[PDB]
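The chain below stands alone and is given in structure tokens; this is the form deposited in one PDB entry.
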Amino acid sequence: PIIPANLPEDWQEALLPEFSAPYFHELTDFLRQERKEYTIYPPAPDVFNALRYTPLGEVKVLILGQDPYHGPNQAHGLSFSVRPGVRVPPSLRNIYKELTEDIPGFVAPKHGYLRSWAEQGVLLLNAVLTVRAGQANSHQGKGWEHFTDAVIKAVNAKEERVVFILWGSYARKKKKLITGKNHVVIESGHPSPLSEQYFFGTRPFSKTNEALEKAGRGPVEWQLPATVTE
């Protein structure tokens, strides 16, 4: 139980202090109990999928969301992404509009599934990793934020350049944690339709690849497969 199931070895090094800490045991007890009274998203085996697909040593970019999508079949343990065959949410649709204008030759897919960004170093981290069906922010301040702050600080600890993409007011509160000399913070309003005029024209995807390239790192290939792949 103490260390979750199929986790890369660098995240074990990094996050053992978190996994064995009191606040984390109380959080998992909370979740055990929440899951017998409510449907909680994502499923238990997916909660840490961001860390599975993107080992600490392969992190190039960190794209922070708030909490998981809270409807059926959406959330699968990654920020912003949804499962194949599920309608692309409003924020992801705008992400795609901006990608088509920012990355010459990017072709928007019909799906919302972003595992291919994860499998190439994009850490798709929500600040809060679980939720009650129907209820946004229902697991806010139960312990996930101590945990995901510690994911964030471990990524900040890396010598090699990481681009931290902070979209919207919640995310931008983490700017203070990014102190590493080689890191880059790309900030703007959130892709959400409520705030989209502060997101369009910001070119976060090209600035990211430009920053990586300056530090001798490889760019992200933002193109998604046309069909997926679960």
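All residue numbers are counted from 1 along the displayed sequence.
Absent from the display: the form solved in complex with a partner chain. The rest refers to it.
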message: Using a 4.5 angstroms cut-off on non-hydrogen atoms, would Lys173 count as touching the partner chain in the deposited bound form?
response: no
message: With the partner left out here, check for me: in the deposited bound form, does some heavy atom of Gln66 sit within 4.5 Å of the partner chain?
response: no
message: Is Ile3 part of the interface with the partner chain in the deposited bound form - any heavy atom within 4.5 Å?
response: yes
query: Does any heavy atom of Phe24 come within 4.5 Å of a heavy atom of the partner chain in the deposited bound form?
result: yes
- prompt: Between the options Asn182, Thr39, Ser192, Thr28, which residue brings a heavy atom to within 4.5 Å of the partner chain in the deposited bound form?
  reply: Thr28
message: Please identify the residue among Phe48, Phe199, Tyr53, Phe205 with any heavy atom within 4.5 Å of the partner chain in the deposited bound form.
response: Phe48
- line: Only one of 184-192, 40-48, 163-171, 58-66 sits within 4.5 Å of the partner chain in the deposited bound form by heavy atom distance, namely 40-48
field: Every residue of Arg32, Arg35 and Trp144 near the partner chain in the deposited bound form, heavy atom within 4.5 Å
entry: yes
